[PDB]
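Look below for two forms of one protein chain, each set out as structure tokens: first structure 1, then structure 2.
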Structure 1
């Protein structure tokens, strides 16, 4: 280095590029690093958080679809990002979701989170903010491993309450037992007294591409029984119908270690981050059941939700 950590190098290049408008080359020899190191870092900055880009306009998202999704479902916060065929769904939403959370979260506040590419991608772009604002995290469901992608790529000086059990027990009785263990029971309480919550939303229409199945928490065959039973999607493993009600005919619901949906309702602000048109139905059903009262999605999915 040059007596300065990378963080300071990013800020120095960010400053020369944006505030002094210098070619990514002029600043190469200016800071004493290869033309390739320069640009390497610039991108490093945006991805990290050091470099924040502000779009001050009511058109940051899809203004119309937002106003409509807001009224139709009575949502306290809604963000519909511009569509872009063929792209990581969760990676784009994560960006949007991060920004939204950066304005609803107050210093030293509790943030409940659920697994999935959508939320874990948000956690990643939200790492920086969690540090400074000193946000405390707490997992809404069991699983552990399924949370590593998000909390892992974070600072080690942050408070992260992790439910110490699997996401699903082999039997309903074993689930009751673990929920009574002090280590578990403790975090379930912690989770329910959270200020903001961020969860994903799975669809039964996703078949074998649903994070729930490709992670091995539910079998392909069990998925069928669930669809047949009239279920559209899920949240943390709890499945519901197109009207927004938990199908109380599914075996898994009593083997899930982790706050049941009725209990998640206690969190003031509940953000759902999901995209894709095959989710359109499950997302509408989650806003119906009142499981979420804020939503981060993409244009296509917004159109699909509003249409049907």
Structure 2
């Protein structure tokens, strides 16, 4: 500190390394800090999205796949990240999804957010941008503590508007009761009103899973299950136990992005955009191929 808070240190380290091409350790003494600390803060700038590296070409991602995907599914935006062997697909989908949202969010707009590894992961890589552009966050679903891995990153300064309830009530009546507490009601409407949504997609509660497969549920968004035609599965108990925005209402959000990938995900992702729940998608190559395969059929 000389006498700069962390953020400044990071923003500066960046400029010196990139815009001026200075040496890693030569930076060290110019801001009067240890060479190890320089090395750290350069990573933290990338991990938290202070540093944004844009690739400005039609070939950022797998162009061929992206374009077929827009065509077949009528997508407003699409990114297919270039494949890798054994990589943490969760973490890689992270960077991608963060970088796309950086291109989509206008200053002070509102981003609704789901739970789950990918979404939390994307939010981690978007903290720099979120505060830098005063993006306002709203939880799409209950849970409170499960969002903490993505919103624990931010400055006190950021508006994060949480639904004050757990993800799922223990019975359907309790869940209805909760949905009418002014507090929950308020954030629920807040969420619906957002500009852009970011959600994970689950593919398919030990006893319940078999019964879900039975009804030909293909995947889930925010906890709600849908078949391959994309329509939300009926007479599942969970759906009325969930506190949070129902899929019908998610649709209000002008641009809603799914970030999902993995070997089993293909048909759940596809069923997702047939249903209209997402109109933007971030995946990886192998999953893009898979989705297209599945369409030939």
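Between two forms, the rigid core is the largest collection of C-alphas that superpose within 1.5 Å. Positions refer to the first chain, counted from 1.
Among 228, 56, 180, 86, only 56 lies at the hinge, the spot where C-alphas switch from fitting one rigid part better to fitting the other between the two structures. Domain rotation between the two structures: smaller rigid part turned by 10 degrees relative to the larger, from C-alpha superpositions. Overlaying the rigid core between the two structures leaves the Cα of residue 21 displaced by 4.0 angstrom. In the core-aligned comparison between the two structures, the Cα atom of residue 102 sits 0.4 Å away from its counterpart. Core superposition gives residue 145 a CA displacement of 1.2 Å between the two structures.
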